[PDB]
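Please read the structure below before turning to the comments.
Each answer follows from the model by the rule given with it, or from the source it names; no laboratory instrument gave them. Reconstructed Cβ throughout: ideal geometry from the backbone, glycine too, with neighbour counts over all protein chains shown.
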Ligand SMILES: CC(C)=CCOc1cccc2c1-c1c(c3c(n1C(C)C)CCCC3=O)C2=O
Ligand code: NA
């Protein structure tokens, strides 16, 4: 299979001190979790239980993410990435790293965000809201990509939005990884519905552009109100659903560009499909959320060829966001 490199920020980690990306050498300092009283269960992630908590030393409201089970290398990665990204635009702020003094189980402490569940929130988003929050999410992605980091789990569940204060934070960096040119990565990342085609065809030399596919999937579901937008029942069916929209010939062109041998089971299920116009998804229930600019942006995100997808920075400059950058400057 042919090689691939990020379009932007490709060499940024090699330009930094080795200490920056050599997370296996990062040694966290573990405080005492008894400074924090757990107050409310908020939810969970793959390897965590997340609680609202009060820091009993200063009455501040925080979030405590308890890591269980525990892979040490993966904890070092999440912690180092969070420290590298601290103070980044719309990146969740890591405040502390602590351990229960009896179980020695590790926990990450974060700033509290008063999230509206996206299933309730997406029912009330306006066209302007979608442009605003997508813009804020793109700032976080441009930031973490400029810091040599792929999130690799971009999905509504990982985008906290306080709709009252109109505040956004990208969370759960436990799958995030440092980008290094020509490195082959594990493709078993992201939720099925947000996996880019590169993951679904087992192309391991991927880069920041994976997050831009996931972001296009979110944009599609918000403006069209079909959530998730590509609703596969398994990883084979996920690629078929994508191909029923972007077309099969464009899929075969991608595979030819990168010399990707396709899992032969696909021969039974892919069929042949023409590219659908994005306008075919418009109807009376989503018409108020769709515009030519939205569709043009979506078209430049949801591309098979990861190398041709917009960068986060290019997406921020797209006319779909002019109403937001006008009322923000
Ligand atoms: C007030 C409500 C209803 C939610 C506020 O949820 C917050 C707020 C601030 C910071 C974080 C979370 C959160 C995190 C994480 C998770 N959640 C939530 C979605 C349970 C779950 C996945 C793993 C993870 O890392 C996380 O870092
Ligand atoms: Na998560």
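In the condition set (1) closer than 20 Å to residue 154 by Cα; (2) crowded, with 19+ Cβ neighbours inside 10 Å, residue 46 is compliant with all but (2). Residues of segment 141-157 that are over 21 Å from residue 95 (Cα atoms), in contact with a strand residue (DSSP E or B) (Cβ under 7 Å, 6 or more places away or on another chain) and either within 10 Å of ligand 1 (Cβ to nearest atom) or not in a loop (DSSP other than H, G, I, E, B) (or both): 150 alone. If I filter segment 192-204 for residues that are under 19 Å from residue 45 (Cβ atoms), within 16 Å of ligand 2 (Cβ to nearest atom) and surrounded by fewer than 21 Cβ atoms within 10 Å (Cβ to Cβ), do I get at least one hit? So far as segment 192-204 goes, yes, one or more of its residues are under 19 Å from residue 45 (Cβ atoms), within 16 Å of ligand 2 (Cβ to nearest atom) and surrounded by fewer than 21 Cβ atoms within 10 Å (Cβ to Cβ). Within segment 168-179, if we keep just the residues that are on the phi < 0 side of the Ramachandran plot and not in a strand (DSSP E or B), the residue that is surrounded by the most Cβ atoms within 10 Å (Cβ to Cβ) turns out to be 173.
Just one residue in the set 212, 160 is farther than 18 Å from residue 21 by Cα and in a helix (DSSP H, G or I); that residue is 212. Restricting 303, 287, 277 to those that are surrounded by 16 or more Cβ atoms within 10 Å (Cβ to Cβ) and either within 30 Å of residue 1 (Cα to Cα) or in the same structural domain as residue 235 (by CATH) (or both) reduces the list to 303.
In segment 96-130, the qualifying residues are those that are within 16 Å of ligand 2 (Cβ to nearest atom) and closer than 27 Å to residue 59 by Cα, and the one that is farthest from the chain's Cα centre (by Cα) is 107.
State whether the residues of segment 297-306 include one that is over 25 Å from residue 206 (Cα atoms) and without any contact (Cβ under 8 Å) to a residue 40 or more places away in the chain. The answer is no; no qualifying residue exists. Considered as a group, the residues in segment 137-167 that are crowded, with 21+ Cβ neighbours inside 10 Å and over 13 Å from the mean Cα position of the chain (by Cα) include one that is farthest from ligand 2 (Cβ to nearest atom), and that residue is 148.
From the list 73, 80, 93, the one residue that fits, being under 25 Å from residue 168 (Cα atoms), away from ligand 2 (no atom under 16 Å from the Cβ) and touching a helix residue (DSSP H, G or I) at 6+ places or on another chain (Cβ under 7 Å), is 80.
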